[PDB]
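Descriptive structure summary
Residue-level listing of the chains:
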Amino acid sequence: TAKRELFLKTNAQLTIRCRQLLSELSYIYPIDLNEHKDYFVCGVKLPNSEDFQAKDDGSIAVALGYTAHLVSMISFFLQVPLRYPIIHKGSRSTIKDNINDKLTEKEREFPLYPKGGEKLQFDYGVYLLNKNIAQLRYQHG
Amino acid sequence: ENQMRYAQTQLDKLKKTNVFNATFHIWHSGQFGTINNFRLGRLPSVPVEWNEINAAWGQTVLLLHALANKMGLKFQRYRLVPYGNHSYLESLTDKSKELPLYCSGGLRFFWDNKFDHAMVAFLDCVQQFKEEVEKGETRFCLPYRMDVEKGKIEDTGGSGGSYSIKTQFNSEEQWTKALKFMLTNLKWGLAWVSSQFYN
Amino acid sequence: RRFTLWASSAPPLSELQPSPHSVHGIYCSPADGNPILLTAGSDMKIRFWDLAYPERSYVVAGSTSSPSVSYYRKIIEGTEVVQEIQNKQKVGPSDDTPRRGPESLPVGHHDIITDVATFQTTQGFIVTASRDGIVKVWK
Amino acid sequence: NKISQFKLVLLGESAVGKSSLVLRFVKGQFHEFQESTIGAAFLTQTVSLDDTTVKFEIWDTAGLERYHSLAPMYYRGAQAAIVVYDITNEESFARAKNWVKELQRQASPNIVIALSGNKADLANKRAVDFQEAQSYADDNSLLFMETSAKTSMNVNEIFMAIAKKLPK
Amino acid sequence: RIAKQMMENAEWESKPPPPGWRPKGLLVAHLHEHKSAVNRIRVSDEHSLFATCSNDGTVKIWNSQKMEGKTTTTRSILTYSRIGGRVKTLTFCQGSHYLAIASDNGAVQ
Ligand SMILES: Nc1nc2c(ncn2[C@@H]2O[C@H](COP(=O)(O)OP(=O)(O)OP(=O)(O)O)[C@@H](O)[C@H]2O)c(=O)[nH]1
Ligand SMILES: [Mg+2]
């Protein structure tokens, strides 16, 4: 019982440590791609914002910011899901409505690349905010 | 009676966790390289959509910028201004005169040369990169060639061929085969750079 | 034993079970349209078995290789033996695959389902509690 | 092949040989020192005929008259009965008739009743004439055989006769 | 019938589902009591109030209707209790919001 716990704790803590730094690095290295944020966000209990989004970001960083699903897919090496589906196909998006027993796609729930989804976009942005707040709380404790 | 799937967890998790080592995944498809899904190089039979091409060019700028800043190679003859799918390269050898890497720009501008200057500049920068890694005599040789001035990408061994970096009109064997081989050289380059960055 | 159900390729009970085949959660209903749900701890997954149709018993949880199950009941006199003809289940009494552990699950990696239960606050939905202090919910 | 299950009850006066009859059928055994049954014993055995496995669920009742009141609990839903007497005991045969009567009045109307004239190995002390018992059996649609648990005479045969008559 | 159940306890009534062979299940949520194995699981009839605990004897409870609404419920415990010893068993009081727990010291409450 003792040795098994020791082994398990040891392997777990060690293997966390080894890539914790690389995960830190995955937010701490904008050398590859500019305008990172390293575990700081303005959406805390704040369902809408423009502090950078359509302001300081000038189309390019607006399309680059949507690449966050690649960081999720980078997390994916040690295989596990996340609270909003973490697939990256480059620089465009739309958000699903629901999934228990649907037969067709729900990505019309809020368009992300065009501003024209705006009414629906007031809602589905809350999903990625929920994804963020879960991971942040999990970093904090 | 508990620790069996625990031993599963610890072994699998640690082994999997170790997999992070590169930025953008590239997969060969048909007669083009696809970089993080985006197709690069329109077929003679089918002009692949310009937003996909431009997006592929956007991400290609993002990749080069990363690889450079990882090896410590710096592009003297260039300044890089990514603007998404509409990215641009200010070649100092051309005083940043015609930076756009994006392609379509009017019906007659099928003859346009903005991207050709950017691709000549880019292929010169690939020669620069080749020398900058050659200095290290790393895991590599020089299997690659490129007639950068006329726009060309070239492969050495069995094929020997070089195809042009300019479509002139249609992307054909020129352009599409050039992109595929240039991407093969970049795949090699990404492997060698990832090694050098890791080391 | 009016019935005897086996994951075995053979109709008699060949002792092909790894230890986790014998160690599993189960949930059944004496009411509510007569559903039954069954963890297979060998395959770490949730099978379904409907008292309404044993032949049509579509499982609720998936498999990475080949999920589909020809659940046909045969007879050898003494028991109405259910041949769970899972198309390519890929399990046996020894380790004839290099890894075959936590990476091989319908999305949501885990230890064996210690407990599984159904609740119905709005729709019906189900919870899987694993040995790992960890839970996943399905709808 | 198919399996048919039937509840069978053994009834009759104490010491007539009910437990011996069933031990012979079930186990192929016989004990001179068989113990008198208290309450009721459960036993099971099969026969095969016409591709059908016929499985008897047997209630071997204590014959003692104090346990009379318990008998209806054991023959309720019984599809077959064997009422056993001792061929050396004419009174055991009088008691056998009264069991047959109770069955006619209080058991399932479909019941297949066998009559066993047991201890037929002691035929030199016969008290009950074969043809008297047969006449009573015939008159009441009972399956009658003289049996001997001791020698095994007609033991398998009486259970097979029951199996044949039962709805299958 | 209810001499203890109406002294300090609350009350509720049971809620069975429709036939459930029809639905496929898609994984909607993920969470944890603690890293330690779940001592036992119980789900209330009232609001499907979800009761769970760590092996250590530290309680971990949640509100299903709160999760249906706020959706935050996976991040943090709704309710805890100090047992002061390793939980040996759990069972809900039938028809009640009260919960009965027993510990490896023989102590029950
Ligand atoms: N000679 C002879 N003796 C028998 C035969 N069958 C039974 N006996 C003996 O008769 C005695 C009583 O037999 P049991 O089988 O115990 O009789 P029972 O009808 O079950 O008696 P209870 O349980 O008291 O109702 C025992 O000594 C048996 O060995 C037989 O066929 N021939
Ligand atoms: Mg007896």
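Cut-offs used in this document
- Residues numbered from 1 in each chain as written, not as in the entry; some residues may be left out.
- Chains lettered and ligands numbered in written order.
- Part of a larger assembly, values for the part shown.
- Heavy atoms only, no water.
- Residues with missing side-chain atoms left out of burial classes, pairs and counts.
- Contact = heavy atoms within 4.5 Å.
- Nonpolar A, V, L, I, M, F, W, Y, C, P; charged D, E, K, R; others polar.
- Pairing = 2+ DSSP bridges.
- Helix = DSSP H or I, 4+ residues; strand = E, 2+ residues; numbered from the N terminus.
- Axes fitted to C-alpha atoms, helices over the stretch in contact; angles between N-to-C directions.
- Right-handed = clockwise from strand over helix to strand, strands pointing away.

Regarding how it was determined, this PDB entry cites cryo-EM in its header, along with a resolution of 9.800 Å.

The PDB entry annotates chain C as Phosphoinositide 3-kinase regulatory subunit 4 originating from Homo sapiens. For this entry, the PDB title field holds "human complex II-BATS bound to membrane-attached Rab5a-GTP".

Looking now at the interface of chain C and chain E. Contacts between chain C and chain E engage 17 residues on the former and 21 residues on the latter. The residue makeup of the side of chain C that touches chain E, split by class, is seven nonpolar, four polar and six charged. The pairing of strand β10 (residues 134-138) of chain C with strand β1 (residues 27-32) of chain E spans five bridges and is antiparallel. Bridging across to β1 of chain E, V137 of chain C finds its partner in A29 of chain E.

Below, the discussion takes up the arrangement of the chains. Ranked by contact count, the leading pair among the six pairs of chains in contact consists of chains C and E. Kept free of each other, chain A and chain D leave a smallest C-alpha distance of 43 Å between them. Across the gap from chain B to chain D, with no contact made, the nearest C-alpha atoms are 40 Å apart.

Below, the discussion takes up the pairing of strand β6 (residues 99-103) of chain E. Residue and element names in this part refer to chain E. Relative to β6, strand β5 (residues 87-92) runs antiparallel, the two sharing five bridges. Residue pairing in the sheet places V87 in a bridge with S103 of β6. Two successive antiparallel strands, β5 and β6, enclose a turn made up of six residues, where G95 displays a positive phi of approximately 75 degrees.

Right, let's talk about the sheet that holds strand β3 (residues 52-61) of chain D for a bit. Residues and elements named next belong to chain D. Spatially, β2-β3-β1-β4-β5-β6 is the arrangement adopted by the six strands of the open sheet, whose pairing is mixed. With one partner strand each, in any of the chains shown, β2 (40-49) and β6 (143-146) form the two edges of the open sheet. The average undirected angle you get between the axes of adjacent strands in this sheet is 25 degrees. Of the pairings in the sheet, the one linking β2 to β3 comprises ten bridges and is antiparallel in character. Pairing of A41 across the sheet is with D60, part of β3. Here helix α4 (residues 130-139) sits on the sheet in contact with β4 (80-86), β5 (112-118) and β6, set at roughly 165 degrees to β6.

Looking now at the pairing of β5 of chain D. All names here are of chain D. Relative to β5, β4 runs parallel, the two sharing seven bridges. Note on β5: the bridge partner recorded for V83 is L115. Since β4 and β5 lie parallel, the crossover through helix α3 (residues 90-106) that links them has a hand, and here it is right-handed. In this fold, the crossover linking β5 to β6 by way of α4 has right-handed handedness.

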